[PDB]
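A.B. asks: Sequence plus experimental coordinates follow:
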Amino acid sequence: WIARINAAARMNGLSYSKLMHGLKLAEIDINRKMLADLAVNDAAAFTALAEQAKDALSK
Amino acid sequence: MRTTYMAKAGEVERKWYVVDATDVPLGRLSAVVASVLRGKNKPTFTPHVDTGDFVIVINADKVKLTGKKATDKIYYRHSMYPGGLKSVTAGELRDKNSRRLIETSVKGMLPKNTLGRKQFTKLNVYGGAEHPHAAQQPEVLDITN
Amino acid sequence: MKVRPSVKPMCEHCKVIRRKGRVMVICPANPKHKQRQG
Amino acid sequence: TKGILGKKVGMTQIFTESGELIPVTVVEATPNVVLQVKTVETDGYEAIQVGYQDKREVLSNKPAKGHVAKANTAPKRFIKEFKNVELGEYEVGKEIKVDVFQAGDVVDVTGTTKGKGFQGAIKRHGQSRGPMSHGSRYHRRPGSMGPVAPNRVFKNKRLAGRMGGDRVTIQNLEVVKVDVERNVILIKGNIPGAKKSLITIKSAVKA
Amino acid sequence: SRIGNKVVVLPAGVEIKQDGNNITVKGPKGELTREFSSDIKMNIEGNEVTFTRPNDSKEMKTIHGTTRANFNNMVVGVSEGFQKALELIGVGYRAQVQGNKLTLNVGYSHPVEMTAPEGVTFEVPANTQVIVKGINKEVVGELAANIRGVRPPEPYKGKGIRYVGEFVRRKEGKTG
RNA sequence: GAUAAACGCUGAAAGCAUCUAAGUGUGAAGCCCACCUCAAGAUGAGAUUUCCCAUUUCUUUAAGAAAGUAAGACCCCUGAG
RNA sequence: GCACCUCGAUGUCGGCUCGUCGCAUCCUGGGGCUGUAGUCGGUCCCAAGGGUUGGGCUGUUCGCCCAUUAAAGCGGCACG
RNA sequence: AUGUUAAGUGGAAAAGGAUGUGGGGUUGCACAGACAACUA
Ligand SMILES: [Zn+2]
């Protein structure tokens, strides 16, 4: 799961560690299992989430 | 035993790429090429399946070596006959037979089993600016790493 | 040539140099004084 | 440069002008024919394909007749390639005869050595025997196979096996005489091979 | 640099073309070119030049001194040219000149033959003197050290070929 | 052909001197070729010349099965270089 | 020196046959210094491609001797 | 973010040797002219 998430996030301008920090600073609690499942099936949902993380650590 | 995707044999498309090797140190270019051949940049990565792309390396003659590697880094070989080490080569490979150079760097950064040996047959290396593979319509990759 | 791990100027006209990573003494008055550290 | 194919007839003797006795080897070479010309644009290098010794026609097949048809000859028994010869100067159909060489003409000579079969280390490699008396049980054997530490035998440990039958060339021999109406060359010394076996003669590499 | 700061002022005939790196002094004999570096630059107001240095380099002065020395040499030679004179002691030795063929007779069981390239010549007046003449400072020096290399001078009688000012030390070989 | 010890040429840092930092050479029975032999199972399996060119039912039409053949090869017999 | 290892078994030295590797180089190749005139030498540096002998006496290595040679190297490999 | 190393040091070893480079100090001699180089 972690390697698939890294692969997907680097396509949205992030890396794995910065995106995990961003999701924690926003209070999102998705598994790494559902995150990878989204990364392969629903790219638009994965981008919604990556934008929320990018705005969280923009402070 | 539940739902995580696993890819199949001929299901994930493989694209062709062109990478340019003028003034990139040997190992940095070689690390990036090695990750692209294994498919690590695609969320469909599964370890018992092959999902990497093909790579063309152009301008291997102008690859960079820092320090005194061009004279002091040596490649050895044994013929398995008594007293038969061959320490013949140095950065002479970069002058003559610069495909050997790039290939032996990329080969040591791939797994050592039957999948990693089949992923090595997607590297095509050229000492000059021109390749013979224009019918596969390859796209340019740009390195900064 | 003398090759010794102690290389020392031994008259007036001896000079010390570094032609690689290698200390040497060079004298124009006496060729016995020429030395290279090793 | 110069080079011809022939067959081995045998050895004899001859006296010279001054009156010295000299051992010799007769080689017979009827005219050789150029069958093909290899160039860099087509093949990647430069050479010449030559044939020797006409063959009856129940003994060849259709691909061979097609290969020999562009040169207007009978099918041949022996076909070799001759390299490092300024092409020009040559074309399919030409005949190379023994007057390519003249007396003098230091030359190289190649063949295939006689066959001898399964032979031991003493005849095959020049190894020496053990003692024949004095309580000995070690006459005609190949020696110790190595030391203990590597737990194995090294390569090029030499043993018994099949002897002879390899190709061998001998350098810097002289042409003593050339006879044109008989297609014969006389070479000073001995050559490798049996009688009726293929022999190749080229001008020498060390000049 | 004291050398790096000094002045090079070009006598008559000098033209100095600029193209990126290359400089090409020309004069009444030759038209030498040499490749110089970026971090030291050209100059204006003909019949004078100085070189300059952006500081803060580690050694702070070396490249400067060499980049001026070389240009001063090119000018000094393209207007004037250089000279090297070789003597001959060692009874029985002689040189002779035939175009670019320098023939030498030094104790050997064969004469020795040297041939001078484009920019260089020879000048043998007598069986003892030789003169190497050119524009380059490097090539004239290399060729003279080549010639004197055929037979250096011994110390017990000082025979052999020497530069025309070499100070040779003389030993006392005993009489047996 | 490129080098070891050694020896330079031009040259500054360090107005001089200095084989070295930038540039430029010489130099060993040693190193890579040069000579001889093996080698495309080099699964990266390479190249050139010549020779040979279509019946039957269908699972379904598919790199389908089965049958008789071309060029060529082999079994079997007389042997030896 | 020690006693980890092997006591339901790990057979000692010289010679023979067959070698291979290190270099702290015995010869041959290239060099600097000499209290190096030449002919021979001393010593230090680079160099492992190839070469490195037959007898007498002792079970003998070791050793001494005889006649030669460009030279008659020193170690590891279960003191092969 | 700010520096150091050019030795593949990092990624085995000492007495001793050295105009390798970074930082901090103590001073002799300097425009009533220094060190070096060239005349006499
Ligand atoms: Zn002195």
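C.D. replies: Structure's in. What do you need? Numbers count the residues shown, from 1 in each chain, chains lettered A, B, ... in the order given.

A.B. asks: Which one of the residues in chain A is closest to RNA strand H?
C.D. replies: residue A:18 (16.2 Å; C-beta to the nearest atom of the strand). Just so you know, the C-beta spots here come from the backbone N, C-alpha and C atoms, and that holds for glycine as well.

A.B. asks: got the contact list for the nearest residue to that residue once chain neighbours are set aside?
C.D. replies: If the residues on either side of it in the chain are set aside, residue A:18 comes closest to residue A:57, at 6.9 Å by C-beta to C-beta, 6 or more residues apart in numbering or on different chains. Contacts of residue A:57 were listed using C-beta atoms under 8 Å, 6 or more residues apart in numbering or on different chains, and they are A:18, A:21-22, A:25.

A.B. asks: circling back to that earlier point, can you list the buried residues in the helix or strand encompassing the residue of chain A closest to RNA strand H?
C.D. replies: Applying DSSP states H and E as the criterion places residue A:18 in helix A:16-25. Across helix A:16-25, burial judged by 16 or more other C-beta atoms under 10 Å in any protein chain shown covers A:16, A:19-20, A:22-23.

A.B. asks: Output the contacting helices and strands for whichever helix or strand comes after it.
C.D. replies: Using DSSP H and E, the helix or strand that follows helix A:16-25 in sequence is helix A:32-41. Helix A:32-41 makes packing contacts with helix A:2-9, helix A:43-56 when contacts are defined by 3 or more C-beta pairs under 8 Å, 6 or more residues apart in numbering or on different chains; DSSP states H and E.

A.B. asks: surely residue E:41 meets residue E:51?
C.D. replies: Yes. Counting by C-beta atoms under 8 Å, residue E:41 does reach residue E:51; the two are 7.4 Å apart.

A.B. asks: And those two? Which one has more around it.
C.D. replies: residue E:51 (22 against 13; other C-beta atoms under 10 Å in any protein chain shown).

A.B. asks: Let's have the helices and strands packed on helix A:32-41 in TSV, adding distance to RNA strand F and mean neighbour count.
C.D. replies: Shown next, in TSV, are these (distance: least, C-beta to the nearest atom of the strand, whole Å; neighbours: other C-beta atoms under 10 Å in any protein chain shown):
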stretch	distance to RNA strand F	mean neighbour count
helix A:2-9	28	19
helix A:43-56	34	16
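
A.B. asks: Tell me which of those helices approaches RNA strand G most closely.
C.D. replies: helix A:2-9 (45.8 Å).

A.B. asks: just the angle between that closest one and helix A:32-41, please?
C.D. replies: 50 degrees (axes from the mean of the first three to the mean of the last three C-alpha atoms, to 10 degrees).

A.B. asks: I'd like to know which elements helix A:2-9 is packed against.
C.D. replies: If contacts are counted by 3+ C-beta pairs under 8 Å, 6+ apart, helix A:2-9 sits against helix A:16-25, helix A:32-41, helix A:43-56.

A.B. asks: Check whether the last one comes into contact with chain B.
C.D. replies: No. When contact is scored as C-beta under 8 Å from any C-beta of the partner chain, no part of helix A:43-56 falls within range of chain B; the minimum is 8.7 Å.

A.B. asks: Now do the contacts for the residue sitting nearest the centre point of chain E.
C.D. replies: Centroid-nearest residue in chain E, with C-alpha atoms, centre = their mean: residue E:137, separated by 3.0 Å. Going by C-beta under 8 Å, 6+ apart, residue E:137 touches E:73, E:77, E:82.

A.B. asks: Contacts only, for residue D:186.
C.D. replies: Counting by C-beta under 8 Å, 6+ apart, residue D:186 touches D:14, D:24-27, D:175-179.

A.B. asks: nearest to residue B:118, of the residues you listed?
C.D. replies: residue D:27 (55.1 Å; C-beta to C-beta).

A.B. asks: Over to that closest one. Which of the three states is it?
C.D. replies: strand (DSSP: H, G, I helix; E, B strand; the rest coil).

A.B. asks: what residues are up against it?
C.D. replies: Counting by C-beta under 8 Å, 6+ apart, residue D:27 touches D:6-9, D:184-187, D:191, D:199, D:201.

A.B. asks: hmm, which of those are the buried ones?
C.D. replies: Among the contacts of residue D:27, those scoring as buried are D:6-8, D:184-187, D:191, D:199, D:201 (criterion: 16+ other C-beta under 10 Å).

A.B. asks: partners of the strand or helix carrying residue E:132 in the sheet?
C.D. replies: Using DSSP H and E, residue E:132 sits in strand E:130-134. Partners of strand E:130-134 in the sheet, by DSSP bridges, are strand E:82-86 (antiparallel), strand E:121-122 (antiparallel).

A.B. asks: For RNA strand H, what is the nearest residue in chain B?
C.D. replies: Closest point on chain B to RNA strand H, by C-beta to the nearest atom of the strand, is residue B:67, at 5.0 Å.

A.B. asks: Tally up the residues packed near that residue, please.
C.D. replies: Residue B:67 has 8 nearby residues by other C-beta under 10 Å.

A.B. asks: any idea of the angle the biggest helix by length in chain E forms with strand E:82-86?
C.D. replies: The longest helix of chain E (DSSP state H) is helix E:62-79. If you take the same axes, to 10 degrees, helix E:62-79 sits at 80 degrees to strand E:82-86.

A.B. asks: Alright, I will stop here.
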